[PDB]
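Descriptive structure summary
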Amino acid sequence: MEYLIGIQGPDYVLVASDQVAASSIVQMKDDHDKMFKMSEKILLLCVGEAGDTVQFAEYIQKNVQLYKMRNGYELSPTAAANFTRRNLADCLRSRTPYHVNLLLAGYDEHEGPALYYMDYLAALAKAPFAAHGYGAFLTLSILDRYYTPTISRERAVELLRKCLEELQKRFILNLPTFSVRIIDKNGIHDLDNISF
Amino acid sequence: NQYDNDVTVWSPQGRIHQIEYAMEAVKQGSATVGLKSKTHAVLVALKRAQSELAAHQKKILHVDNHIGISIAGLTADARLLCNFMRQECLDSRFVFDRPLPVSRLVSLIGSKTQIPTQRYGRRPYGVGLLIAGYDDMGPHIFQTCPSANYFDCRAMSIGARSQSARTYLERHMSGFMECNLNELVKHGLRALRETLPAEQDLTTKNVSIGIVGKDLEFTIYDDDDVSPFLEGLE
Amino acid sequence: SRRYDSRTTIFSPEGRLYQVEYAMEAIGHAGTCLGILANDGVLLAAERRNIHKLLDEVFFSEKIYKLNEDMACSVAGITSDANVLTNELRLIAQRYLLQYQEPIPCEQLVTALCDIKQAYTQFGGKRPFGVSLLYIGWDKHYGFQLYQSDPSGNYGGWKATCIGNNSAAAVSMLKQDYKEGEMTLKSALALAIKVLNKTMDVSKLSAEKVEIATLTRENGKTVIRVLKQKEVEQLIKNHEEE
Amino acid sequence: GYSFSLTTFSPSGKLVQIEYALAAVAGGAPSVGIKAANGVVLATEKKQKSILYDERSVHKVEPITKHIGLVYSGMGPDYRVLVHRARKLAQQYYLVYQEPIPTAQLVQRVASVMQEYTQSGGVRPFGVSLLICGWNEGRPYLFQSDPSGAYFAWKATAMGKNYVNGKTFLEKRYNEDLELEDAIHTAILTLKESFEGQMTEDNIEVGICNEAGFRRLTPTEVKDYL
Amino acid sequence: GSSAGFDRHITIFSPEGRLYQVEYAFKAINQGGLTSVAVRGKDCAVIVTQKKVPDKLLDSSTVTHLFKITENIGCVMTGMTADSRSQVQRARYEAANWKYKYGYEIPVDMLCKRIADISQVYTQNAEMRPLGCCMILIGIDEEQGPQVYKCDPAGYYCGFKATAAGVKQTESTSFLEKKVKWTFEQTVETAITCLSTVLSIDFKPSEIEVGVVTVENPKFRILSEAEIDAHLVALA
Amino acid sequence: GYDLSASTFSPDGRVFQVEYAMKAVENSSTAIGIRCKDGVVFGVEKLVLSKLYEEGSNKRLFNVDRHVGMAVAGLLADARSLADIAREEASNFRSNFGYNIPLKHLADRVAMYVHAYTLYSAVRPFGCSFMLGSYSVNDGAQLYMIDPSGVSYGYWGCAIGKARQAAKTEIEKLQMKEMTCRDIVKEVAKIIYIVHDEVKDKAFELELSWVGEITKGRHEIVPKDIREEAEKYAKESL
Amino acid sequence: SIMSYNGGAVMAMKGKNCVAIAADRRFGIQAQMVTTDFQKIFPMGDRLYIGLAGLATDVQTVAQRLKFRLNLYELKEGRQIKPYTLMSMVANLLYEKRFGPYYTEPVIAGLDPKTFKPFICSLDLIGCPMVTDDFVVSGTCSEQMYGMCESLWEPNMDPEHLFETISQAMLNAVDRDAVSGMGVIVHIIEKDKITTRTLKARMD
Amino acid sequence: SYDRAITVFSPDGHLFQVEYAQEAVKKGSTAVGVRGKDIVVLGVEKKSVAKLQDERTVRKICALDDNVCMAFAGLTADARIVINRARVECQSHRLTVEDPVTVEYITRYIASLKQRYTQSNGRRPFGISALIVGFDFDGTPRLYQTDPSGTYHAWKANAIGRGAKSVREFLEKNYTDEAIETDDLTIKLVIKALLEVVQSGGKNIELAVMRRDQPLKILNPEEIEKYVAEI
Amino acid sequence: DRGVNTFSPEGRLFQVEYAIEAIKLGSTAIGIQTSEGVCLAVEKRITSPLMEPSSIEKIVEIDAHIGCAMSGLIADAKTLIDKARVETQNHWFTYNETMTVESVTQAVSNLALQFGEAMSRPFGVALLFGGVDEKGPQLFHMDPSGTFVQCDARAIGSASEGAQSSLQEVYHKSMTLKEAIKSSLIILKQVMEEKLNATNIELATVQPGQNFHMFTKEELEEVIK
């Protein structure tokens, strides 16, 4: 199972994900990126059924980019999140549904930082923090215990480290490294990988 | 004038000008002769040459083991009809495990080519054909036209100046049945030669032959293989 | 079939589209429609053609149609053709809202309708829609906006513009009276009346001969309203004293 | 069928087919519509060519629903098409909203159908003008829908033969405080101005619309008014 | 009489607001050279039509203009023969379908209206011409009694007390106009007399066709040569 | 131009395209059908336009069903299409109702199909006329004729083609009602030889077919030897 | 069941010249809670609200498609929809998916736009209406809600008493339900004002 | 469905409708492109310079992607359709080839679409001509030109629209290596060429330069005024 | 006004005849087939000095063993060229072998008369197909009527009548590729309005054992001398 996590601060959004690509019992790739850049201020974290994640994420990415080309400005995180849900829900009762779980992080000029949680059935929910996968069962309570709405980005990174450390000690799966990114008013920034 | 643009428009004299114009296409094509005996069916076509450096445009085509055809008029239409005939023959072998009787195949060509003479915006096939074949009822020579009518003939000629080839065939047709293969082809070459202008002659570069019979699959003779049939002709 | 085909979507010898030009001729004789953009809102002023005494009044207006929560439009040309396009505009706006959960930006709505108009002039064999439109709206990207589109599928943004009867003369007046970035709704309403008085040829302007709609932002929400006879009558009075 | 339009724009910006459809409407039998304070009246001249015709076999005034009535001027067979389509539209609306379609909503839908015939392939426009009446939310309505698909709300109007004089007559006789009974009288009088010879109860059709619903006046009732 | 563009070729409006093609279709009804007359009685409906068969090698029995639509509905066609046959075939189908989906026999006026509606479509669509024929329907309705309906190429239909169609239609209308302003024998005699008077011909049993429906015997019936002769002798 | 389309009525109420299609039938050779007491006999004057053609080429007598024969005149390609339409109609009827289609019903179906090509600009009217003959114990002998407009009638004797008028006069002299197929075959041959032109259209072949009690309800080509007597008798007559 | 996958409860109560609509705020996937501020009650006019319980994805989809339809209706008709007309509109929308239904049971509460008469109704997933004079409930704890409503509801309650009644009904009902809760939101619809209150509830 | 053949061959071997589409291109606003060392110059006549107009809403120069820009002449409504078709093509190419399209690749797609409308039933040809520029993956400058018939060619310098011949005739004698040496020298050649047909050359001319890995950098009124001032 | 599939009184399809007229306005292309291979030369016909000569493509590769020269409406040729490329690759996929020149030409020809009212008109282009298969070097020519034929030497385009005369007076069955390449360039220069350099013409050859090879600037100059 893959792991996703998002923490929203007063003026930024912090996201992280495991970099393991697996085939049955073997880790085929240990530095796989699960984040997709839709626009300058929007990141799409996607996990789930093999094949579906990339096909779906790329489809969204191409449509988000097309919107910007046709209008001259980027779609906001909220509009992008709803566009993603609409599409996911449309394929829900079709012959080819997309079994994917995702998080949409973004920064809107007027609205600020946003974090969106979406399950495979296309239910959309805005949240201060969220996680996906089996690991979410061991880390959600940790976020509940230490998270405050005015948490700074330095404290957020420490909070993320706490969650990832818990996975190292409690989780049965081997997830040694994580991609860490932050989105704010200056765009998407790559932070150092958190490795164990 | 106002009655010669569409195929769906009947003229006041009870004619369809577009179909008559499509018959003109067949008349300008190089002549081809088709005759038969009691055992064989022969197709002889005068291969025309657009240039002095180009090859002679093919006229005789294999359709099936027992059926061969010669075309005069629009080449595009000929290929379309030949493809249709080939498919009909293939269907017959796939479903009934036997060769499609020639007469039934000609009937199928007739109905297919009639459809476009009654529909607005469609045009008639601008090609005439000579169909040689051999089946249970013997050897056959059929002739199709752009107006979807077809004829069963003892001998026939179509194309430019084929009237004189038909004139020749009319007087020599009496001794066609008893005629053996070799002499039957001669009668065919002689009739085809009549359509040519005095100077020009039948060589191995402009004469293609097609033969089918009692114990012979339809075979096309071109270039050096037609030599034997030509050599010894007064 | 070919004998009766009018061939509505073909190029003429000098590269012109006759049906499109003929539809523009029809729009030129229709009721006058004028749009003016101000700093605190936009307005639409249209001359009424239905003025018969036995006519009844029971709709929102005559030439002004609300498209969504933040947009309105005015039409000039074939009335029944305008009904078709106005209904289509409403659907386009609702479809955008269903997909992104946000109101469609003004310019995006105009562009979508212009695509439908362009399609009629290129294929299909049908006569084009004989309508010209004026759009007024507010969105979060560019605030207050004003657009005008025509039968060919072309459109453009304007500070002040006019379509319909005597629009060329109305545009001239606007050029010498519109102050870029120094206009207000009250000052725009006066200009509208002034311009409308000149283009119209019936001496007394009259409140019954016109229809005026304004679009403003009130407490974080767009407000679109058609001025009542009293307000319009008062505006005409002002011009007399003006 | 032909996929090209039969109604196109002329050099001066007109759609001649629609104008020719209006000429067919103008040469039709006279029709009057008058909106009273508590109802609407639809009156039409229905003069048969002879006494061989069965007066009670065909009607010109038709109900669309329980609260909506229709009348036309122009081509009878074209009118039948629209009546059938209007009834269908009214039922579709009822199936979805479970409430009788408001008169204005029905007129809009009928006008949309008429607009379609001025742009769609291989067809001519309808050669008829309609007068629609109805009662919604304690209020009477009177609409007119022409060949182009345009529709107007009227207080009182006339169409068909000599409609221009009928409208002038109505302007000098109609008042806003008029009652249904009074409206019925002035409606018959309007028809009388353009009528030929002897208006009986068999050569005119009258329909009324009030709070009880829309109904075609019976010949006996019409005789009393005459 | 103004014209413009293709208004005399297809069913589009002319400058006056007329449909020339529909008007030409009415002239096509008179091309056959026959006249039909339908009369409604107090408890019966009678249709009489001219029966001209001067070819002599023709099988007289197959030459007719009277048709059975359903068991209780009869009709007489006037105009182009092939157009009439297709219209009769369409009416038979419409009636059968109505019975199947509604569970009861189609009323005469509903059938006429249905046929008229199909005819209307031809006057509005340009790709097809209107039929050059006229259909008169008769039958007994449970409450209204005997019915007589007629629809034409324009898509117009109506119920009549008495009506006619064809070459001598106008004079038949006038003749019946006075008479109308009746028992089974009187209705039948009136119909035969109208036809005879307007055509100036002393009819013989095999020169006319008679169709009837009565309240006692609602089934549409065609009179035989012997039955028609009895009426012809009583009129003489 | 009021005569360019089948969907256009002329000012005097005529469809000129349908009438132009009838001209094509009048240019064709004569075909006659005679209905007697025992069955129906068909006779066609098949013109031999060339000596190169085989005997039996371009036949104008078809079998549309076991008990139904069809004689045609006009555009052969149009006629062949109509014969296929009729064959399919007969076959369809047997599948749906389980028995031999009645001739009158078959004539009605084909005529309406023919009538469908006279209403639009999209298609053109058929350029041929044909006769339908049949015989069954229940129905007896039947003979129908359908022309380009779609009208079909039953006949005692019929003729189509160029000499349709001259042939009709010859047919009226016979008392076919009480005659039998055997003696009628010779008469049909005789009439065709009389109406045949010698100056124009030189050289023709006589086509004969019949259906009745003598063929047990099966439509077929008249036996060669029986046609020999008829040809002999017709030659001597004229 | 598909209707208990996300949990949730909605109830509408009729008072004297007023209506009340309430719902839980929990959004969760099976046993795990994801958020505690999920919207289940959507405005459909000035004095007309709709509450949706059931599958979260269908709750959002139905609300969005209904908004799409209502908006077009208001523009075309030029008026605010009547409570009863909205019920029919919703039933029609749900019936279209007769064989492949939206997993949600809507609850409508409002006052008529001209007479201000209280109106409440509840529909099932197929689109069958249940117009009542007292209350309507929907969700995973409907049995508990029925119990609370049947014994607490009284006719002709004023806005204050109606608020107390619906509040107690929802609070005690959701406390006996494992997948419903995490807060309760209540809307009191009066002729002149709309009052929205969030209640102090258990978060376990 | 309308299936009438609109574009057919004429007796002399010409396609009438295509020639009529070219007539429409001649009435369009003048556009001029010029190839440079490491930047491409596009100059379009602004013409409509009304004081009540929102200039940003009617731009002739557009972006097809992040690396390709284009100018057009002729029917403006037809142009908007083609531009949007190309935008979708660029997006599709990035999701199936994992790389941006080259200048010639998008020119080919656009030209192929134009050709398709000259041989299809029920439709007339597009009434526009386009000038496509940009830089390829490596970094070389390109200048292509497509017309209504669907034929496209690469050019060093080119003009389209009204009085295109005049600007083309003058472009041969003024296009060199020294002239396109520096970036500010590529803006000099264009303007002069435009000035031979543009009435009151100055505020009636729009400008745009496409550099290396740099977005559509439209020039401004004063920016262009500098060059106009000196000239 | 007539339809696109209308026959003329002399038995010809008007549109097909008009399409052949269009071929006459096109650039001259020459094809010569010898025992050592086939060469294709086409006049670039550059309209202006500001136009890049490299962008003009009158000779293209259909497959490794087949080359193609076009003349007439170049935009219409692209549709046929792509069709031909797809045909050969489909043939390779299905039969694990190369398609013959004749087969490719036949497949491309079958799309010529497929128009009506789907193409709305015939293609206004003529094609020259040159390549090597089991029968050795082969040259085929196809025009707008759908007619295709094998030829020893052929010229198409504006000056095809003049080019043909020269071709038939200087062509023999034994001539090598070098002679053909030189001979074809000699005739091209004689019928070309402009001067024949190495930037205003196109040349390509296909020999047994060698792939389709487009001569470079340097290789043309050498031969041009």
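Residues numbered from 1 in each chain as written, not as in the entry; some residues may be left out. Chains lettered and ligands numbered in written order. Part of a larger assembly, values for the part shown. Heavy atoms only, no water. Residues with missing side-chain atoms left out of burial classes, pairs and counts.

In its metadata, the entry names cryo-EM as the structure determination method and reports 2.00 Å as the resolution.

Some words on the overall build of chain G
How we decide: A run of H or I in DSSP becomes a helix once it reaches four residues, and a run of E becomes a strand once it reaches two; helices and strands are each numbered from the N terminus. For this measure, only C-alpha atoms enter the radius of gyration; the expected value for a globule follows 2.2 Å times N^0.38, where N is the number of residues. Buried means the residue's accessible area, taken with a 1.4 Å probe over protein chains only, is under 20% of the maximum for its type, while exposed means over 50%, and partly exposed covers the values in between. Residues count as neighbours in contact if any of their non-hydrogen atoms are within 4.5 Å of one another. Accessible areas in this description were obtained via Shrake-Rupley with a 1.4 Å probe; residue shielding takes into account the shown protein chains only.
The number of helices and strands found in chain G is 4 helices and 12 strands. In terms of overall dimensions, chain G is globule-like: its C-alpha atoms have a radius of gyration of 16 Å, near the 17 Å expected for 204 residues. The buried share of chain G, taken over its 204 residues, is 58%. Considering only intrachain contacts with a sequence separation of at least 6, the fraction spanning at least 24 residues in chain G is 61%. When the accessible surface of chain G is summed, it comes to about 8600 Å², and 50% of that surface belongs to carbon and sulfur atoms.

Details of the nonpolar core
Short version of the rule: Nine residue types can take part in a nonpolar core, namely buried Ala, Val, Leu, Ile, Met, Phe, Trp, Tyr and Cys, and a core is a set of them joined through side-chain atoms within 4.5 Å.
Core analysis: the biggest nonpolar cluster contains 76 residues, and D:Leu106, D:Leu130, G:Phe27, G:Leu86 and G:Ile108 have the highest contact counts within it. Broken down by element, this core gets its largest block of residues, 8 residues, from helix α2 (residues 76-97) of chain D. Discounting chain neighbours no more than four positions away, the residues touching G:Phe27 are A:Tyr117, A:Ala123, A:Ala125, G:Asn6, G:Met33, G:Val34, G:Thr35, G:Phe38 and G:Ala56. Core analysis: the next-biggest nonpolar cluster, separate from the first, contains 50 residues, A:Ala81, A:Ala89, A:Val100 and C:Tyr155 among them.

So, the arrangement of the chains
No interface is formed between chain E and chain I, the nearest pair of C-alpha atoms being 16 Å apart. Across all C-alpha pairs, the smallest distance from chain G to chain I is 38 Å, and the two are not in contact.

Description of the sheet that holds strand β4 (residues 67-73) of chain B
All names here are of chain B. Where we set the bar: Following DSSP output, two strands are said to pair if at least two bridges run between them. Angles run from 0 to 180 degrees between N-to-C directions of axes, and those axes are lines fitted to C-alpha atoms, restricted for helices to the stretch in contact.
The sheet built from 5 strands is open, its strands ordered β3-β4-β5-β6-β7 with antiparallel pairing. Two strands lie at the open edges of the sheet, namely β3 (60-64) and β7 (150-152), each paired on one side alone. Each strand axis lies, on average, 25° off the axis of its neighbour in the sheet, ignoring direction. Strand direction decides the pairing type here: β4 and strand β5 (residues 127-135), joined by 7 bridges, are antiparallel. Bridge pairing links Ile 71 to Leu 129 in β5.

What to know about the interface of chain C and chain H
Basically, it comes down to this: Note on terms: buried area is the combined drop in 1.4 Å-probe accessible area of two parts once they are placed together, counting the loss on both. A side-chain nitrogen of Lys or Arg and a carboxyl oxygen of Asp or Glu constitute a salt bridge if their distance falls within 4 Å. Identification of polar contacts relies on pairs of N or O atoms within 3.5 Å, with a donor-acceptor requirement for protein atoms, meaning one able to donate a hydrogen and the other able to accept it, and with residues adjacent in sequence counted only if both atoms are side-chain atoms.
If you look at the interface, chain C gives 38 residues, while chain H gives 30 residues. Overall, the association of chain C and chain H removes approximately 2900 Å² of surface from exposure, summing both partners, and the carbon and sulfur fraction of that is 52%. Here chain C and chain H share 3 salt bridges between them. For H:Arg56, the salt bridge identified is with C:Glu107, shortest N-O distance 3.4 Å. Scanning the region where chain C abuts chain H turns up 22 residue pairs in polar contact. Elements with a minimum of two residues in the side of chain C that touches chain H: α3 (106-122), β6 (143-149), β7 (155-157) and α4 (167-177) of chain C. Residue contributions to the side of chain C that touches chain H peak at 6 residues, all from α3(C).

Some thoughts on unusual backbone geometry
A positive phi is found at D:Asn162, a non-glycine position, where the angle reads about 55°. Within the secondary structure layout, D:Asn162 lies in the loop between β8 (156-159) and α4 (163-171). Its identity as a non-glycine residue notwithstanding, G:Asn17 has a phi of 60°, on the positive side. For G:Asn17, the position within the fold is in the loop between β1 (9-14) and β2 (19-24).

What about the state of the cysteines?
All names here are of chain E. Going by this rule: The criterion for a disulfide is a pair of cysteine sulfur atoms lying within 2.5 Å.
This structure, assessed with the given rule, holds 0 disulfides over all chains. Its sulfur unpaired, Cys 133 is 7.7 Å from the next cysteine sulfur, which belongs to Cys 134. Owing to a relative accessible area of 2%, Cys 133 belongs among the buried residues under this scheme.

Looking at the pattern of salt bridges
According to the stated counting rule, one finds 92 salt bridges over all chains in the structure shown. Close ionic contact of C:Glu102 with C:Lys140 constitutes a salt bridge, the shortest N to O distance being 2.7 Å. Within this pair, whereas C:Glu102 is found in the loop between α2 (79-100) and α3, its partner C:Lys140 is found in the loop between β5 (131-139) and β6, the two being separated by 38 residues in sequence. Judged by its relative accessible area of 12%, C:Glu102 falls in the buried class. Several salt bridges converge on common partners, so that one network encompasses D:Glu99, D:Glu137, G:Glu77, G:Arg79, G:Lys82 and G:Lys114.

Topic: the environment of H:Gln199
With respect to the helices, strands and loops of the structure, H:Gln199 is situated in the loop between α5 (183-195) and β9 (205-210). Spatially, the C-alpha atoms of H:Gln199 and H:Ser48 are 11 Å apart, while their sequence positions differ by 151 residues.

Some thoughts on the pairing of β1(G)
Within a regular beta strand, the side chains point alternately toward one face of the sheet and then the other, so they alternate between its two faces. Residue and element names in this part refer to chain G. Counting buried positions along β1 gives 6 out of 6 residues, so the element sits mostly inside the fold. Judged by which residues are buried, β1 turns out to be covered on both faces: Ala 9, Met 11 and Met 13 on one side and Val 10, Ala 12 and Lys 14 on the other are all buried. As judged from the 5 bridges shared by β1 and strand β10 (residues 135-139), these two strands associate in the antiparallel manner. In the strand pairing of β10, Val 10 is matched with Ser 138. Taken together, the 5 bridges between β1 and β2 define a ladder with antiparallel strand orientation. Each bridged residue has a counterpart across the sheet, and for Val 10 the counterpart in β2 is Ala 23. A loop of 4 residues connects β1 with β2, the two strands running antiparallel in sequence, and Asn 17 in this loop sits at a positive phi of about 60°.

Looking at the packing of helix α4 (residues 169-180) of chain E against helix α5 (residues 184-199) of chain E
Residue and element names in this part refer to chain E. Definition in use: Here roughly perpendicular refers to angles of 65 to 115 degrees, roughly parallel to angles under 35, roughly antiparallel to angles over 145, and oblique to all remaining angles. By the definition used in this description, the sense in which the near helix is turned from the far one sets the handedness, with an anticlockwise turn below a right angle giving left-handed and a clockwise turn giving right-handed.
One way to put it is that α4 packs onto α5 with a least axis distance of 9 Å and a crossing angle of 130°. Taken together, the axis directions place α4 and α5 in an arrangement best described as oblique. Both α4 and α5 take part in a crossing whose hand is right-handed. Residues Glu 171, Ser 172, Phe 175 and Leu 176 of α4 pack against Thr 190, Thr 193, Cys 194, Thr 197 and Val 198 of α5.

Regarding the pairing of β5(C)
Residue and element names in this part refer to chain C. Within β5, 8 of the 9 residues are buried, which leaves it mostly tucked inside the rest of the structure. In this structure, strand β4 (residues 71-77) lies alongside β5, joined through 7 bridges in antiparallel fashion. Considered in β5, the bridge of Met 71 is made with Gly 137. Summarising the sheet, β5 and β6 pair through 7 bridges and their orientation is antiparallel. Counterpart to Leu 133 in the pairing with β6 is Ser 149.

Some points on the environment of A:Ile188
Residues and elements named next belong to chain A. For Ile 188, the position within the fold is in strand β12 (residues 187-190). Classification of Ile 188 as partly exposed rests on a relative accessible area of 22%. Sequence-wise, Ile 188 and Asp 144 are 44 residues apart; in three dimensions their C-alpha atoms are separated by 26 Å. Residues in contact with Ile 188, not counting those within four places in the same chain, are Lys 37, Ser 39, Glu 40, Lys 41, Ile 42, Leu 43, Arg 181, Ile 182 and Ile 183.

Considering the packing of aromatic side chains
Filter applied, for reference: Under the pairing criterion, centres of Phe, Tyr and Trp rings, with the six-membered ring standing for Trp, must be within 6.5 Å; the plane angle then separates stacked pairs below 30 degrees from edge-to-face pairs above 60, leaving the rest tilted. We count a charge as sitting over a ring when the NZ of a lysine or the CZ of an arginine lies within 6 Å of the ring centre and within 35 degrees of the ring normal.
One pass over the structure, following the stated rule, counts 42 aromatic pairs over all chains. Pairing A:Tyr67 with C:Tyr100 gives two aromatic rings, centres 5.7 Å apart and planes at 65°, and the pair type is edge-to-face. Within this pair, whereas A:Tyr67 is found in helix α1 (residues 52-71), its partner C:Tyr100 is found in helix α2, the two belonging to separate chains. A ring pair is formed by A:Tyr73 and C:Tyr142, whose centres lie 6.2 Å apart and whose planes are at 65°; its orientation type is edge-to-face. Here A:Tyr73 is found in the loop between α1 and α2 (77-90), whereas its partner C:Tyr142 is found in the loop between β5 and β6 on a different chain. The buried category is assigned to A:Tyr73, whose relative accessible area is 14%. Three or more aromatic residues joined by ring pairs form one cluster here, namely A:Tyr67, A:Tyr73, A:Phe83, C:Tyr96, C:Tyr100 and C:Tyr142. If you follow D:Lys49 out to its NZ or CZ, it ends over the ring of E:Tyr156, 4.9 Å from the centre. I:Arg2 extends its terminal NZ or CZ atom over the ring of I:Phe14, reaching a point 4.1 Å from the ring centre.

Some thoughts on a nonpolar patch on the surface
Test applied: Only residues above 30% relative accessible area that lack a salt bridge enter a patch, with like-charged residues linked at up to 9 Å and the nonpolar side chains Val, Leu, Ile, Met, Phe, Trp and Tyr linked at up to 5 Å.
A cluster of nonpolar residues, A:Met1, A:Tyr134, A:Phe137, A:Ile172 and A:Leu173, forms a patch on the protein surface that exposes about 590 Å² of accessible area. Its place among the elements puts A:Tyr134 in the loop between β10 (129-132) and α3 (136-146).

Re the sheet that holds β1(G)
All names here are of chain G. Ordered by their spatial adjacency, 5 strands build an open sheet running β10-β1-β2-β11-β12, and the pairing between neighbours is antiparallel. Unpaired on one side and paired on the other, β10 and β12 (194-199) mark the two borders of the sheet. Taken pair by pair, the neighbouring strands of this sheet meet at an average axis angle of 10°, ignoring direction. Helix-sheet contacts for helix α3 (residues 142-152) involve β1 and β10, and the interaxial angle to β10 is about 160°.

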